[PDB]
């Protein structure tokens, strides 16, 4: 149960925490400027802005630039969340987390220039294909398991796992984007946030909660990859919440019994029985039957052959992304909210 493999991981995470803390306590600020970048096309949106494909004019490399509107962030009381986002993201470093390359701000906006992950959202492909075979889901699930092992070891909760936030890179692996609700926390926290289908019961019930919410959200993810629909759905949020707290799941008849067993233990309503939140931690997931053919180190090093490589014609190609309406990026001549985002 405990061998030298488990000690190899403990040594790596201990070193990764050292790296993370240096960057956590001394974050990078103001590493570029708006007009170092040609703005091409919107790859997606959110409540306070959008991500755009961009070309760094002096290196010619492509990036994805998040743009947040300071005034809107303030209007909606989401300052501390957008501060965590940048702070967490410039500090982490794992093969399945989107690299934050540059960040800066001007009078109206916050900017996070990330690596461009050209394969599109896992969401897009999952809806198109309908569902993923178990081997295909496990390939992706394994990468979330390792990524959570990293993040939780650093005291981070992610809190918004969904296919919409997993992007596929040129070699067919996941990069996690969207750290908008990621938080460093020792102990419990209480904010009602996340995506309705993926919210753990303890979140819905105002009970206060921990890392374990991310392991519930993985059960949902694995289920939705495998079934093609999430285990609790309904037209409006409230009905999804009712289904989630009842703790009744039905499985499609094609799910293997191993998968059913894994999922009944991730979708445990009881915090004390949930895989991930027991004494062996993540090792109860990794040592489960469903993952018995998973070479965890092979997954970390990216030498497993991916079941699906997205077609990319060249750098700057946006065919794996939906189209959105473009807005011009206005920059006011007076400073919006300087005190509030001064650490950004």
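Positions refer to the first chain, counted from 1.
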Taking the recorded C-alpha temperature factors, which stretch has the higher mean, 308-316 or 58-66? 308-316
Could you settle it for me: does 30-38 or 43-51 have the higher average Cα B factor in the PDB entry? 30-38
Considering only 220, 129, 141, 271, which residue's Cα atom bears the greatest B-factor as recorded? 271
Go through 228, 247, 95, 119 one by one and give the residue whose Cα B-factor in the PDB entry is largest. 247
Entry-reported Cα temperature factor of residue 182, expressed as the chain third it lands in: lowest
What third of its chain's C-alpha B-factors does residue 124 belong to: lowest, middle or highest? lowest
Tertile call for residue 207 (CA temperature factor, within chain, third-based) is the highest
Ranking every modelled residue in this chain by its Cα temperature factor as given in the entry, which third contains residue 258? middle
Taking the chain's C-alpha temperature factors as the reference, tell me which third residue 198 falls into: lowest, middle or highest. lowest
